[PDB]
């Protein structure tokens, strides 16, 4: 497989993601405008808790156990959601009566369960989880590809599926535990997030990062000690990878949400528990989140007393260049 000279790394701040779906649109309006790509959202944001995109992708299968490769399910098209199509021209211009209904009958969609979450009023809880290709150090897709069509670049660690070597084996879609490769039924090929390597080769951050409206996306190379990505992952150690039990070691990381109101007791008074259950942040990111929440909580208390906290200043990112590769283009 070979190891790359540099590994491009992302950090998503779940304390700032507003779930506005801008990163989703910027990726789709740039990379997934092609034939057979209408259902593919390489960059997608989903509500946690929820079933995600595609539906139930966390029980799908793939990644690694005991160093051993698992072949999970190939999600049917209904789990990704049939993209709704409409006959506007008939109603608006051609005098055809009847509402412009979506086809098919809505039963699934990438963002179907937006802000439903879990828990009863007044303790309902949810937050947003922007997902993408993790560009893992142990890519399970690359490992499964029996044509060796996928490859990991030596320059920036990005994983790209070679569209000429790809013969449609779909083994990458079986063995990826994040369901980020998508089989294109019109080209009989697998398409996936390309990590914006044409933009990074020119020194411009990825579209999901550069166009992140919530100002929650971080990008850079972890070998650079001046990158906020390094400081959040290596120095302050508040950024964790999504689902590390898959054994793939992702290269995109998450700061767990420390903002949020507390559980409301039956008398209306607040308790110590936040509305976001720790048991859920554990199920997503493992056992370290409790220590990370304490570091974030402790450092935010410093700012509340008018004191200094360099970890907060990294998350705040008063200047976008302190956050990412230059987003100007």
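Residue numbers count along the first chain shown, from 1.
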ask   = So 84-92 or 195-203, which one's hotter by mean CA B-factor in the entry?
value = 195-203
task = For the higher mean C-alpha B factor in the entry, choose 158-166 or 99-107.
result = 158-166
note = The largest CA temperature factor among 146, 117, 122, 76 is found at 146
task = Go through 263, 48, 69, 45 one by one and give the residue whose Cα B-factor in the PDB entry is largest.
result = 69
task = Could you tell me which third, lowest, middle or highest, the C-alpha B-factor of residue 318 occupies within its chain?
result = lowest
Lowest, middle or highest third - CA B-factor, residue 113 = lowest
request  = For residue 188, return the chain-relative third of its C-alpha B-factor as stated in the PDB record: lowest, middle or highest.
outcome  = highest
remark   = For residue 283, the third of its chain by CA B-factor is the middle
task = Pull the Cα B-factor of residue 126 out of the PDB entry and bin it into the chain's lowest, middle or highest third.
result = lowest
